[PDB]
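Notes follow once the structure below has been shown.
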Amino acid sequence: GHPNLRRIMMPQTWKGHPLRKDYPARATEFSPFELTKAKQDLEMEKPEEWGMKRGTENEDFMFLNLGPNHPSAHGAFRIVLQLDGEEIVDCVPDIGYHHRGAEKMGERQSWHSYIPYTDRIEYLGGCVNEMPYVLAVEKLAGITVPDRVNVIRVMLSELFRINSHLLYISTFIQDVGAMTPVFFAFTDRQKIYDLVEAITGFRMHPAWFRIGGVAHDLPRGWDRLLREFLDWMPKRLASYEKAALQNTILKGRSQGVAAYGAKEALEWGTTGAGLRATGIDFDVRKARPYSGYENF
Amino acid sequence: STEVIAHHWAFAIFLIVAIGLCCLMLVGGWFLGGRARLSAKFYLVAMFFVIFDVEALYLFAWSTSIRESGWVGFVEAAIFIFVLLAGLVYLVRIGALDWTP
Amino acid sequence: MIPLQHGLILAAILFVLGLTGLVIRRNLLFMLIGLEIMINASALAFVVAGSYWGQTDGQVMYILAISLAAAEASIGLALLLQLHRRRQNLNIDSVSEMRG
Amino acid sequence: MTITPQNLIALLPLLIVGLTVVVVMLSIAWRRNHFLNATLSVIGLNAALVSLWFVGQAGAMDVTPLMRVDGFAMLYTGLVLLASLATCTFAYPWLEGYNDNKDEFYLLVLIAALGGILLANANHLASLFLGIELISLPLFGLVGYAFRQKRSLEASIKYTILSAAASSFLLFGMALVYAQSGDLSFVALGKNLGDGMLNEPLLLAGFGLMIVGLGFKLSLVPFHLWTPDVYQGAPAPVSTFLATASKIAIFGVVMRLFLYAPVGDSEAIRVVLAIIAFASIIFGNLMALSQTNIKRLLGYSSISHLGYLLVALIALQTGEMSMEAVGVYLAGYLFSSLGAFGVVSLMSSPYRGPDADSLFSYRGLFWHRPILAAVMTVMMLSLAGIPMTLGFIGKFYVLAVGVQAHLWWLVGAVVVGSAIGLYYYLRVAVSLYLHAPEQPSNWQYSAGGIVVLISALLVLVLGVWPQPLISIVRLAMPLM
Amino acid sequence: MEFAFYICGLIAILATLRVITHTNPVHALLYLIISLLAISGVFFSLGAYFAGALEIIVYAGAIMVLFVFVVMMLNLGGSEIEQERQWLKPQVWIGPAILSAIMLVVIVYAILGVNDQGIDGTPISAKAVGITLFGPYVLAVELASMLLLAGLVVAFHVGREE
Amino acid sequence: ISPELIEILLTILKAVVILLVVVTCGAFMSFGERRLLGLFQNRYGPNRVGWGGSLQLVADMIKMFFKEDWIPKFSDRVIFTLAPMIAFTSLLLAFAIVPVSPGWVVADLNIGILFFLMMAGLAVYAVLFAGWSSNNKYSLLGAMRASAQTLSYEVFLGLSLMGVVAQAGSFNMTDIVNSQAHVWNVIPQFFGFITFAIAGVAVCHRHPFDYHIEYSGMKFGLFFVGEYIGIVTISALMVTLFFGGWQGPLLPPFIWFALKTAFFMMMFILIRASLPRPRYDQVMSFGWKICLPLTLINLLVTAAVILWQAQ
Ligand SMILES: CCCCCCCCCCCCCCCCCC(=O)OC[C@H](COP(=O)(O)OCCN)OC(=O)CCCCCCCCCCCCCCCCC
Ligand SMILES: CCCCCCCCCCCCCCCCCC(=O)OC[C@H](COP(=O)(O)OCCN)OC(=O)CCCCCCCCCCCCCCCCC
Ligand SMILES: CCCCCCCCCCCCCCCCCC(=O)OC[C@H](COP(=O)(O)OCCN)OC(=O)CCCCCCCCCCCCCCCCC
Ligand SMILES: CCCCCCCCCCCCCCCCCC(=O)OC[C@H](COP(=O)(O)OCCN)OC(=O)CCCCCCCCCCCCCCCCC
Ligand SMILES: CCCCCCCCCCCCCCCCCCCC
Ligand SMILES: CCCCCCCCCCCCCCCCCCCC
Ligand SMILES: CCCCCCCCCCCCCCCCCCCC
């Protein structure tokens with residue numbers, strides 16, 4: 001009864017189902033013939049197999065490819081846009097251009113050597129991506145971590161949340177058209193990266209959480225960098241707001257664009273800022289508190 | 001005269017040197033280095049540009065001789081600009097100039 | 001010291017070239033192109049006539065001529081767009097239903 | 001020159017129609033209302049028709065180096081305004097069935113009426129060229145107002161390309177005339193010649209190209225081939241306007257041009273116009289012998305009747321009653337064509353979409369629409385030059401003018417073409433009174449029927465008593 | 001100014017001749033833009049400075065911008081007519097060629113018999129044209145505005161999409 | 001050797017010097033846009049190729065020259081080569097009327113700003129030709145949108161300049177800069193100034209009003225150098241039309257003209273760095289509904305004040 005049951009992570013000319021247990025997890029040998037065949041598929045790439053209808057019946061239904069290569073940090077993906085002039089009438093997103101076999105790797109790494117792979121799930125998140133994996137393994141192991149471990153993990157999760165939110169706000173402001181706040185927000189991200197480099201030894205993928213705690217203790221002097229960042233940040237945030245986020249051109253580009261209510265957010269599984277913008281006060285840190293978020 | 005023909009020769013040399021500079025740039029770019037249906041809104045806005053451009057040329061001719069035409073010419077150009085703005089209000093109010101409906 | 005006859009002859013040459021292009025081309029866009037050529041040749045002839053007599057009248061009727069040319073090109077290209085919308089070809093020999 | 005408040009009083013119908021254009025455009029911009037915008041258009045046209053009285057009280061004088069207002073301009077302004085009012089009245093029930101915007105029709109009708117007024121008052125090559133274009137372009141829009149209908153799009157394309165060609169021909173002719181003369185006023189087109197040198201080659205060539213453009217706009221042979229196709233493809237109220245107002249205004253400005261120009265009495269232009277008039281009469285009558293559609297038949301009728309008018313025009317310098325003959329003929333032809341195209345428009349309204357055929361099927365019209373059949377057969381008799389009708393009075397005037405100037409070839413052509421016209425007009429009338437195999441109700445349809453009934457009564461009454469029309473045409477005399 | 005006038009006229013004639021015989025619409029529009037620039041140079045040679053300025057501003061800057069707009073809207077790549085080349089075969093074009101040659105001969109014979117004192121080429125500035133435009137030619141300006149309004153309304157009504 | 005021929009040679013050399021300086025200033029202001037964006041974005045910009053980055057432009061020039069010249073196989077070669085040619089020469093000839101000093105002008109035409117309008121129309125042609133000849137759907141669509149933008153703002157470019165033309169009573173550039181002998185035209189023609197600035201930014205395809213993806217090698221360099229030459233031309237034109245041009249109290253006339261022109265070039269860069277890009281429909285609605293009636297009312301009030309003050 002599925003309307004269009006096709007492959008979504010692999011190309012349609014793929015033999016086998018990779019998450020089955022009898023599938024070889026490792027990479028097969030690269031062959032230039034497969035590369036030339038897939039290049040031929042790209043060059044000769046029919047708006048009927050994708051579930052599209054009205055294949056230029058109004059003599060204005062223009063087709064364009066929005067991806068897959070992108071001049072943006074969100075990654076690589078393709079949308080085929082059908083337009084009446086400038087109006088979108090149908091869109092089929094084609095994803096899987098960033099598939100890494102993370103779950104199949106989860107069946108191929110140990111409980112400890114999988115944490116770097118958890119790091120690169122959402123590569124702007126870092127320790128935030130480490131957090132549910134190590135909490136679930138601690139549920140499997142029966143480990144109740146001490147309160148200092150919870151405090152450290154909450155600190156690093158909030159630091160990486162600030163880093164990711166800064167990248168998101170800068171990227172949105174650059175998408176609207178203002179090109180200075182991305183430079184300033186990346187300077188702030190460099191301050192956060194200085195603190196994270198001091199604590200963990202790595203910038204973006206620290207791989208620092210462990211089963212039952214963290215990799216090392218905090219280095220002697222982290223609080224000075226945290227105080228520097230906490231003094232540095234709010235003035236720059238107010239500068240970002242006044243320079244770009246209260247601009248009426250940005251508001252005209254943003255307000256009333258691609259809106260949905262609580263019903264559409266619930267029926268599509270939308271979570272995070274998109275869910276809470278509809279008035280649904282559902283945050284995991286309050287509804288199902290984890291890792292000592294009740295103490296903040 | 002002398003100054004007028006000198007300025008004419010200067011303008012001619014300006015044209016010649018500019019054309020030769022662009023041609024020489026393209027020739028040097030070519031020689032050097034190794035080798036290995038749209039909607040009706042575009043027509044509508046271009047047509048509106050054409051019509052308001054010839055009405056603009058009328059205003060161009062008026063504007064350079066305002067003092068020699070007196071208040072009568074001001075009244076006539078006021079009627080002209082009033083018809084211009086009535087046509088503009090008619091175009092806006094019916095959604096002709098709205099890119100999106 | 002430019003003869004009026006030479007300017008009028010140039011304008012007449014451009015007019016008859018525009019008329020030939022209007023006749024021999026079945027494409028409606030090339031007929032509109034020919035119409036633009038003929039009305040521009042008429043405007044050039046009037047400019048030559050006004051410059052020979054030393055009057056602004058030639059340039060005034062040039063202005064009226066190009067106002068007509070702009071509006072006629074607007075209407076003709078709108079009709080051409082409509083023709084291409086409802087019959088997908090610009091051959092006017094298809095548009096010959098009324099006869100006799 | 002300059003502009004005076006007295007000149008503004010003589011400017012009254014032009015200013016009133018332009019103000020109506022602006023008011024109707026702003027009313028469409030406010031809210032698209034069909035009834036209100038049609039009411040505003042007919043109110044403005046009636047206001048101009050009433051302001052003709054104040055123009056007459058102001059006298060006759062030259063309002064601009066371009067415009068000259070006199071009795072002749074008043075008469076032809078009145079004829080064009082009456083044709084525009086009838087076009088609006090016929091167009092409302094037709095536009096009741098039009099699915100797209102119905103409000104631009106009256107705007108284009110008002111702008112074409114403005115061009116007709118300018119042609120009526122024209123005294124200059126600039127004003128003549130601008131008035132011709134100001135009539136033509138709204139007719140480009142009105143002929144293809146039902147562009148989704150294939151026939152109307154065909155007619156609009158044909159009219160647009162051919163009239164752009166004719167306008168460029170006319171423009172090149174004015175260019176050659178201005179190169180020869182140096183003055184663009186009508187009174188000076190050949191003034192700088194003398195001692196029998198009126199047949200200047202460049203002046204004759206410029207007037208020939210002007211004759212090409214005007215004879216296109218008047219459906220004169222051999223620039224006549226557009227007329228049946230454009231008349232058939234256009235909407236029937238547009239056919240009414242294009243048959244009456246455009247032809248009347250362009251013939252009036254041709255009358256002023258050939259009366260005021262010192263080259264108007266050249267024998268070469270006279271012989272060329274005689275050839276064109278002979279060919280126009282004979283050809284327009286002969287092509288309507290075997291026509292089954294009423295629109296093409298009326299187009300060939302217009303060709304023949306403009307040939308008769310041209311015969312009245314050729315004897316302008318030789319005769320003395322030529323202008324009065326043209327005025328009486330134009331009033332009669334206006335009323336007859338208004339009635340005929342009004343019956344066509346009333347029986348072709350409402351517009352039943354671009355897919356359904358707009359065939360007239362005039363056979364057996366009396367047995368379900370008796371009054372329209374009586375009006376239509378009165379028009380068919382009137383176009384034939386049969387007595388009891390005003391068209392006979394116009395034909396009698398054309399014959400008297402031709403007899404006075406000894407234009408015997410034109411008189412014989414008028415008689416032969418009148419006989420051929422008798423045949424096909426009478427065939428149309430008896431077909432109306434035959435038996436058909438198989439066989440609105442608002443006040444605007446009633447207004448259109450009242451208009452065609454009033455035209456029929458006027459044709460009959462001024463056919464049996466033409467003295468008031470002759471007197472009010474002789475009262476409308478231009479400056480000598 | 002004499003040599004400029006003759007060279008610009010020759011360029012305009014050659015470009016128009018290339019226009020009426022070319023098969024690519026964009027190349028034809030480019031050649032006609034070249035011809036319009038040449039006729040503007042003809043205007044500047046004769047002292048009609050405002051006419052040449054409006055020839056490039058409007059004729060070679062607005063109207064054929066609209067033509068190029070329509071051509072690229074239609075995506076005219078030479079289909080069903082470029083595969084024919086019918087106008088290049090003699091049986092289509094020789095007849096109109098004799099027609100236009102006879103008309104040109106008649107018009108040239110009429111042109112050669114006029115009084116000709118020559119064009120001095122004294123520059124008629126745009127100020128004088130604007131004075132005459134709002135003096136003796138007031139009603140021409142107002143009714144030309146009405147004419148352009150009519151063309152605007154007609155082209156909007158016909159060239160909609162729906 | 002005659003004094004008339006000496007004067008002719010001096011005027012020819014003057015025009016050649018003006019042309020070389022505006023072309024060099026356009027290229028070095030591409031470099032200066034990079035450096036000024038670095039200044040406004042809390043960084044340095046290119047400052048390693050030579051002293052302070054002064055030899056950077058030579059490096060991109062050599063890279064542009066010694067690149068593979070590439071024309072698409074299914075494209076029109078003539079139009080593809082022609083579009084950068086027009087985009088360069090049109091705004092170069094638009095600069096050819098700007099008086100930078102008393103006695104330093106290329107052509108003292110009686111049309112002047114009309115010649116600027118002609119050149120702007122030809123620049124629109126350059127954009128259209130670049131979009132069509134690439135044989136790419138993305139470039140064609142982008143050229144359609146960009147050309148409709150430039151039409152929606154050239155519809156009032158001249159009408160914005162008509163206030164200055166009406167006050168000066170002439171089309172000549174030197175008459176325009178002489179009409180501001182006491183008050184600069186930015187004070188009376190302020191609305192004309194803002195509308196002309198908006199239209200000049202829009203017709204130069206500059207931020208925030210911005211088909212180049214198929215161009216490469218020296219053609220892309222020609223496109224960019226033509227764009228920055230258009231920036232120079234529009235800045236110098238607004239200096240001459242609204243800021244007096246070469247007139248000033250103390251400094252030499254070139255010093256005043258160059259300072260005002262460089263200030264407006266820096267204002268171009270600051271406008272690029274600051275403002276976000278509006279949507280298409282709002283941009284064209286602003287061009288049609290707002291700027292055109294503003295220019296018409298500005299011309300009407302300017303004429304009324306001029307005729308009222310003519311005693
Ligand atoms: C040498 C030449 C270069 C000179 C450089 C200096 C001058 C540069 C001029 C740049 C002009 C840029 C103009 C941009 C206009 C954008 C108009 C627009 O789209 O506004 C839309 C926006 C929102 O509209 P709304 O209806 O609310 O949309 C709802 C949709 N959800 O509506 C709004 O946000 C309302 C305000 C619209 C814009 C008003 C005008 C602003 C102009 C830019 C700022 C100029 C400041 C002075 C700069 C220095 C001047 C010398
Ligand atoms: C060399 C071989 C051919 C090369 C390719 C073609 C290049 C263009 C050739 C034609 C145009 C330029 C001719 C040369 C003009 C040089 C200046 C000149 O002669 O000026 C004289 C005159 C100045 O005015 P005035 O005051 O009357 O002068 C009398 C002096 N007391 O000037 C005037 O009155 C007006 C001068 C003409 C108008 C300005 C220039 C117009 C250019 C139009 C170009 C059109 C496109 C050409 C494309 C060619 C390729 C197809
Ligand atoms: C790819 C190349 C294509 C071809 C490009 C052009 C090739 C030829 C270039 C050289 C031509 C000769 C130089 C031009 C003539 C200079 C003299 C001149 O124009 O004089 C006439 C007039 C003088 O006015 P002024 O002296 O102030 O008045 C006092 C009384 N005489 O001044 C005027 O009337 C000035 C107005 C006319 C100026 C014309 C300038 C060129 C216009 C065409 C640009 C083409 C751009 C490329 C193609 C675009 C797309 C097609
Ligand atoms: C709601 C419906 C729509 C309503 C309307 C909306 C649009 C409004 C548009 C308004 C436009 C106003 C333009 C006014 C211009 C008048 C000034 C002028 O042109 O004066 C001419 C005169 C110089 O002329 P003359 O003396 O002959 O000298 C020339 C030398 N041969 O000049 C002088 O002598 C100097 C005069 C200086 C005057 C300066 C002050 C007035 C102009 C600047 C206004 C600034 C406004 C700033 C923003 C306000 C808030 C928006
Ligand atoms: C010019 C004089 C009047 C001409 C005729 C005008 C129309 C009059 C119509 C009156 C009614 C006619 C009825 C005819 C009925 C025929 C019945 C035939 C039965 C075999
Ligand atoms: C499918 C329909 C095609 C129609 C093509 C029409 C072409 C007409 C060509 C006319 C050629 C005339 C040549 C000169 C004739 C003698 C001189 C004029 C008459 C005296
Ligand atoms: C953006 C600026 C473009 C300027 C182009 C013109 C350059 C001409 C160079 C002339 C230099 C001398 C000017 C006259 C003397 C007055 C100034 C003396 C100090 C430079």
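Ordering of the structure tokens sets the chain letters (A, B, ...), residue numbers begin anew at 1 in every chain, and ligands are numbered from 1 in the order given.
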
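In chain C, the set of residues within 12 Å of chain A (atoms considered: only C-alpha atoms) is residues 84, 85, 86, 87 and 88 of chain C.
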
Subject >> Shell of 9 Å around range 207-213 of chain F, only C-alpha atoms, local chain residues under 2 positions omitted, as a ChimeraX atom specification >> reply: /A:177 /F:127,130-132,134,136,138-143,146,149,201-205,215-216,220,223,268-269,271-273,275-278,280,283

What residues of the protein or nucleic acid chains come within 6 Å of ligand 3 when you use only C-alpha atoms and all ligand atoms? Reply as a compact mmCIF listing (two decimals) with C-alpha atoms, in the first residue's frame.
# COMPACT_ATOMS: atom_id res chain seq x y z
CA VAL B 4 35.62 71.22 -31.38
CA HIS B 8 35.94 65.04 -31.81
CA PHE B 11 36.38 61.02 -28.66
CA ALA B 12 37.29 59.01 -31.77
CA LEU B 15 36.42 54.79 -28.96
CA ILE B 16 39.27 53.24 -30.97
CA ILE E 33 20.49 46.47 -33.71
CA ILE E 34 23.66 47.18 -35.70
CA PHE E 44 23.93 62.40 -35.69
CA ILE F 86 29.41 44.98 -24.73
CA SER F 90 29.03 50.24 -22.89
CA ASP F 108 31.65 67.78 -24.34
CA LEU F 109 28.48 66.51 -25.97
CA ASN F 110 25.19 68.38 -26.09
CA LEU F 122 23.42 48.52 -24.40

**OP:** Would you give me, as JSON, numbers by chain, the residues of chain D that come within 6 Å of chain C, using only C-alpha atoms?
**Re:** {"D": [168, 171, 172, 175, 179, 229]}

Give me a file of those residues, with N, CA, C and O atoms, as a PDB file, in the first residue's frame.
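Done, and the output landed in selection.pdb:
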ATOM      1  N   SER D 168       3.104  52.569 -42.037  1.00  0.00           N
ATOM      2  CA  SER D 168       4.453  52.872 -42.506  1.00  0.00           C
ATOM      3  C   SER D 168       4.445  53.433 -43.925  1.00  0.00           C
ATOM      4  O   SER D 168       5.238  54.327 -44.247  1.00  0.00           O
ATOM      5  N   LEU D 171       3.354  57.000 -43.527  1.00  0.00           N
ATOM      6  CA  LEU D 171       4.435  57.779 -42.934  1.00  0.00           C
ATOM      7  C   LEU D 171       5.512  58.120 -43.953  1.00  0.00           C
ATOM      8  O   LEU D 171       6.002  59.255 -43.989  1.00  0.00           O
ATOM      9  N   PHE D 172       5.895  57.155 -44.790  1.00  0.00           N
ATOM     10  CA  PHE D 172       6.868  57.436 -45.842  1.00  0.00           C
ATOM     11  C   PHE D 172       6.309  58.421 -46.863  1.00  0.00           C
ATOM     12  O   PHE D 172       7.047  59.265 -47.392  1.00  0.00           O
ATOM     13  N   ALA D 175       6.592  61.746 -45.377  1.00  0.00           N
ATOM     14  CA  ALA D 175       7.998  62.129 -45.401  1.00  0.00           C
ATOM     15  C   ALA D 175       8.399  62.695 -46.753  1.00  0.00           C
ATOM     16  O   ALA D 175       9.081  63.722 -46.822  1.00  0.00           O
ATOM     17  N   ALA D 179       9.372  66.530 -47.467  1.00  0.00           N
ATOM     18  CA  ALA D 179      10.642  66.815 -48.122  1.00  0.00           C
ATOM     19  C   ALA D 179      10.449  67.732 -49.318  1.00  0.00           C
ATOM     20  O   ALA D 179      11.278  68.612 -49.571  1.00  0.00           O
ATOM     21  N   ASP D 229     -12.299  39.289 -44.075  1.00  0.00           N
ATOM     22  CA  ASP D 229     -11.739  38.466 -43.008  1.00  0.00           C
ATOM     23  C   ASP D 229     -11.758  39.188 -41.667  1.00  0.00           C
ATOM     24  O   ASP D 229     -12.129  38.599 -40.648  1.00  0.00           O
TER      25      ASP D 229
END

Original post:
When the cut-off is 7 Å and we count only C-alpha atoms, which residues of chain B are near chain A, given as a PyMOL selection string?
Top reply: chain B and resi 37-39

Original post:
chain E residues within 12 Å of chain A, counting only C-alpha atoms: which ones, as an MDAnalysis selection string?
Top reply: chainID E and resid 73:74 161:162

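Environment of ligand 4, defined as every protein or nucleic acid residue with an atom within 6 Å of it and counting only C-alpha atoms and all ligand atoms, comprises residues 167, 168, 179, 187, 188, 189, 190, 191, 294, 297, 298, 301, 302, 305 and 306 of chain F.
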
Would you mind exporting N, CA, C and O atoms of the selected residues as a PDB file, in the first residue's frame?
ATOM      1  N   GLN F 167      16.791  71.595 -13.693  1.00  0.00           N
ATOM      2  CA  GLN F 167      17.413  72.727 -13.012  1.00  0.00           C
ATOM      3  C   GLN F 167      18.521  73.338 -13.855  1.00  0.00           C
ATOM      4  O   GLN F 167      18.625  74.566 -13.955  1.00  0.00           O
ATOM      5  N   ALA F 168      19.360  72.502 -14.465  1.00  0.00           N
ATOM      6  CA  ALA F 168      20.424  73.021 -15.311  1.00  0.00           C
ATOM      7  C   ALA F 168      19.899  73.592 -16.616  1.00  0.00           C
ATOM      8  O   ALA F 168      20.564  74.441 -17.216  1.00  0.00           O
ATOM      9  N   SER F 179      25.851  74.541 -13.039  1.00  0.00           N
ATOM     10  CA  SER F 179      24.608  74.957 -12.405  1.00  0.00           C
ATOM     11  C   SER F 179      24.636  74.764 -10.894  1.00  0.00           C
ATOM     12  O   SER F 179      23.795  75.337 -10.193  1.00  0.00           O
ATOM     13  N   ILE F 187      20.982  68.701  -2.541  1.00  0.00           N
ATOM     14  CA  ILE F 187      20.076  69.398  -1.632  1.00  0.00           C
ATOM     15  C   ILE F 187      18.703  69.587  -2.281  1.00  0.00           C
ATOM     16  O   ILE F 187      17.713  69.143  -1.686  1.00  0.00           O
ATOM     17  N   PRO F 188      18.546  70.217  -3.491  1.00  0.00           N
ATOM     18  CA  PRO F 188      17.186  70.332  -4.034  1.00  0.00           C
ATOM     19  C   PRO F 188      16.659  69.029  -4.612  1.00  0.00           C
ATOM     20  O   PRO F 188      15.502  68.665  -4.384  1.00  0.00           O
ATOM     21  N   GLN F 189      17.495  68.320  -5.364  1.00  0.00           N
ATOM     22  CA  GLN F 189      17.104  67.051  -5.975  1.00  0.00           C
ATOM     23  C   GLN F 189      17.525  65.880  -5.094  1.00  0.00           C
ATOM     24  O   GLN F 189      18.288  65.009  -5.499  1.00  0.00           O
ATOM     25  N   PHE F 190      17.013  65.872  -3.864  1.00  0.00           N
ATOM     26  CA  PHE F 190      17.342  64.789  -2.946  1.00  0.00           C
ATOM     27  C   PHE F 190      16.615  63.504  -3.321  1.00  0.00           C
ATOM     28  O   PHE F 190      17.196  62.413  -3.261  1.00  0.00           O
ATOM     29  N   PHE F 191      15.341  63.612  -3.700  1.00  0.00           N
ATOM     30  CA  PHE F 191      14.593  62.427  -4.101  1.00  0.00           C
ATOM     31  C   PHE F 191      15.092  61.893  -5.436  1.00  0.00           C
ATOM     32  O   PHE F 191      15.169  60.674  -5.635  1.00  0.00           O
ATOM     33  N   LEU F 294       7.633  58.522  -7.599  1.00  0.00           N
ATOM     34  CA  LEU F 294       8.469  59.472  -6.878  1.00  0.00           C
ATOM     35  C   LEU F 294       9.260  60.346  -7.840  1.00  0.00           C
ATOM     36  O   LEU F 294       9.355  61.561  -7.646  1.00  0.00           O
ATOM     37  N   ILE F 297       6.721  62.834  -9.561  1.00  0.00           N
ATOM     38  CA  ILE F 297       6.342  63.924  -8.666  1.00  0.00           C
ATOM     39  C   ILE F 297       7.525  64.851  -8.416  1.00  0.00           C
ATOM     40  O   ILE F 297       7.361  66.072  -8.317  1.00  0.00           O
ATOM     41  N   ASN F 298       8.738  64.291  -8.337  1.00  0.00           N
ATOM     42  CA  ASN F 298       9.933  65.112  -8.179  1.00  0.00           C
ATOM     43  C   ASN F 298      10.129  66.038  -9.369  1.00  0.00           C
ATOM     44  O   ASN F 298      10.441  67.221  -9.196  1.00  0.00           O
ATOM     45  N   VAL F 301       7.345  68.866  -9.169  1.00  0.00           N
ATOM     46  CA  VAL F 301       7.616  69.878  -8.152  1.00  0.00           C
ATOM     47  C   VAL F 301       8.845  70.700  -8.523  1.00  0.00           C
ATOM     48  O   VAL F 301       8.889  71.915  -8.287  1.00  0.00           O
ATOM     49  N   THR F 302       9.850  70.062  -9.132  1.00  0.00           N
ATOM     50  CA  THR F 302      11.023  70.787  -9.608  1.00  0.00           C
ATOM     51  C   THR F 302      10.646  71.815 -10.667  1.00  0.00           C
ATOM     52  O   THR F 302      11.093  72.966 -10.609  1.00  0.00           O
ATOM     53  N   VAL F 305       8.735  74.750  -8.985  1.00  0.00           N
ATOM     54  CA  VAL F 305       9.625  75.650  -8.258  1.00  0.00           C
ATOM     55  C   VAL F 305      10.474  76.471  -9.226  1.00  0.00           C
ATOM     56  O   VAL F 305      10.715  77.664  -8.998  1.00  0.00           O
ATOM     57  N   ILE F 306      10.919  75.861 -10.328  1.00  0.00           N
ATOM     58  CA  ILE F 306      11.731  76.578 -11.312  1.00  0.00           C
ATOM     59  C   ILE F 306      10.923  77.693 -11.965  1.00  0.00           C
ATOM     60  O   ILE F 306      11.397  78.826 -12.107  1.00  0.00           O
TER      61      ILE F 306
END

Subject >> Surrounding residues of range 93-102 of chain D excluding itself and chain neighbours under 5 positions, 12 Å, only C-alpha atoms, as a PyMOL selection string >> reply: (chain B and resi 94) or (chain D and resi 28+31-38+87-88+107-108+142+145-149+235-238+342+344-354+358+440-449) or (chain E and resi 153+156-158+160-162)

Original post:
Please, which residues have at least one atom within 12 Å of an atom of ligand 5, using only C-alpha atoms and all ligand atoms, listed as a PyMOL selection string?
Top reply: chain D and resi 364-392+426+429-435+453+456-464

Original post:
Among chain C, which ones does DSSP place in alpha helix (DSSP H), written as a ChimeraX atom specification?
Top reply: /C:4-24,28-52,57-87

Closest atom pairs, chain F residues within 8 Å of ligand 7, only C-alpha atoms and all ligand atoms, as a Markdown table:
| residue | atom | partner | partner_atom_place_in_ligand_line | distance |
| --- | --- | --- | --- | --- |
| F:14 | CA | ligand 7 | 8 (C) | 6.9 |
| F:17 | CA | ligand 7 | 8 (C) | 5.7 |
| F:18 | CA | ligand 7 | 6 (C) | 3.8 |
| F:19 | CA | ligand 7 | 5 (C) | 6.8 |
| F:20 | CA | ligand 7 | 5 (C) | 7.8 |
| F:21 | CA | ligand 7 | 5 (C) | 5.1 |
| F:22 | CA | ligand 7 | 3 (C) | 5.0 |
| F:25 | CA | ligand 7 | 1 (C) | 6.3 |
| F:100 | CA | ligand 7 | 6 (C) | 5.9 |
| F:101 | CA | ligand 7 | 14 (C) | 6.4 |
| F:102 | CA | ligand 7 | 14 (C) | 7.9 |
| F:103 | CA | ligand 7 | 14 (C) | 7.9 |
| F:104 | CA | ligand 7 | 8 (C) | 6.8 |
| F:232 | CA | ligand 7 | 1 (C) | 6.1 |
| F:233 | CA | ligand 7 | 1 (C) | 8.0 |
| F:236 | CA | ligand 7 | 1 (C) | 6.8 |
| F:252 | CA | ligand 7 | 17 (C) | 6.0 |
| F:253 | CA | ligand 7 | 16 (C) | 6.4 |
| F:254 | CA | ligand 7 | 17 (C) | 5.0 |
| F:255 | CA | ligand 7 | 17 (C) | 6.8 |
| F:257 | CA | ligand 7 | 2 (C) | 7.6 |
| F:258 | CA | ligand 7 | 2 (C) | 5.6 |
| F:261 | CA | ligand 7 | 1 (C) | 6.2 |
| F:262 | CA | ligand 7 | 1 (C) | 7.1 |
